[PDB]
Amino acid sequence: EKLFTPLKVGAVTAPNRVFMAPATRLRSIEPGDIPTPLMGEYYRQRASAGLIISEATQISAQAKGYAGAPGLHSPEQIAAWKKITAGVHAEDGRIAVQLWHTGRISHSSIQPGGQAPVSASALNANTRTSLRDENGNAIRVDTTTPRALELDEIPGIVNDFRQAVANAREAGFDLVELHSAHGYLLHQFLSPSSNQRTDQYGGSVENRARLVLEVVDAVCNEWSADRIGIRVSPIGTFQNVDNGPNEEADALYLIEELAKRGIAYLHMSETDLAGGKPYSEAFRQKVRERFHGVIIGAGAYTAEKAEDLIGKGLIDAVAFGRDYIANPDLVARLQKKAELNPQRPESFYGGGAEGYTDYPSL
């Protein structure tokens, strides 16, 4: 078995390969998009993970697309996240913050000034996001048509990611994960289906990857490359954002470019929750030979699949989403081959302690 053996992940060392995947739970305080003591308890319960990757966290107010998702831009947010990271560290854990801009997967009612969200192009995502009703309960609402970012606004986006990483360092996170997956802003630029720009940020793969690579360079300069990871979902379709007709070639281009920066990790979200075609071993080899840090796989993994691919040398760690939602001590359960708690997906999004901090440890 290798799942329970240590792994150096940039500037930190994980004691096992069983990582907690990022999971939006939509329990922050509004107004202010502030993490809570209940969220600190949730993460503290999971601190035996080789690495915790937090729920997606806004880099700015404009980045917000879901009511209840936290930010890392305000002083009050920074102060609250400092308590959460302290709690994880008190339990000898490690925690990374996943940073996002939702782009067009958003709604005007939670944007600054009530105005349209932004994206690469002015095309509706044709999906829903999650708002809150007058009693604070999560509700699904159609996304608002976005405005295309003007060329002169793109430096501000890069600066927002830079500043959020600086804030993550102060807040005590061990690493950052850039959310370049799942149809959110960075992926909106990457994908030909959502990016119809005719400037240097659209067209060719080199132009479509331009923004994400500018963000990577900015955050590496702000902190250090050994503190930066990135989540990608480059094969398949995710929240109506496909990866285009040359998805494999384009993914390998992006990975080769990320490798030049010497970042800590590459986290690949292999399928969305509705499924998709599995990665071939050949494609995993092509990824492996292009990236020289840690590769994290995710998407309906079992311990068996993780051990298989780690032992084949194709990935270094596995991130579990829903199993970690329901099992705070997943590491111990997997080590002892114990049963897992049953999942309650009706409480994944919104609400309070129920379905959040009340899944028992062994």
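Sequential numbering from 1, following the sequence displayed.
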As the entry reports it, the stretch among 241-249 and 213-221 with higher mean C-alpha B factor is 241-249
Mean B factor on CA atoms, stretches 261-269 and 284-292, record says higher is 284-292
Of the residues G172, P146, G275, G87, the one whose Cα carries the largest B-factor in the deposited record is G275
Note to self: of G103, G93, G71, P192, the C-alpha temperature factor tops out at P192
Entry-reported C-alpha B-factor of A14 relative to its chain, by third, is middle
Chain thirds by Cα B factor, record data; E30 belongs to the middle
Sorting the chain's modelled residues by C-alpha B-factor and splitting them into thirds places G350 in the middle
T198: CA B-factor among chain residues, third -> highest
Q58: CA temperature factor from the record, placed by chain third, in the lowest
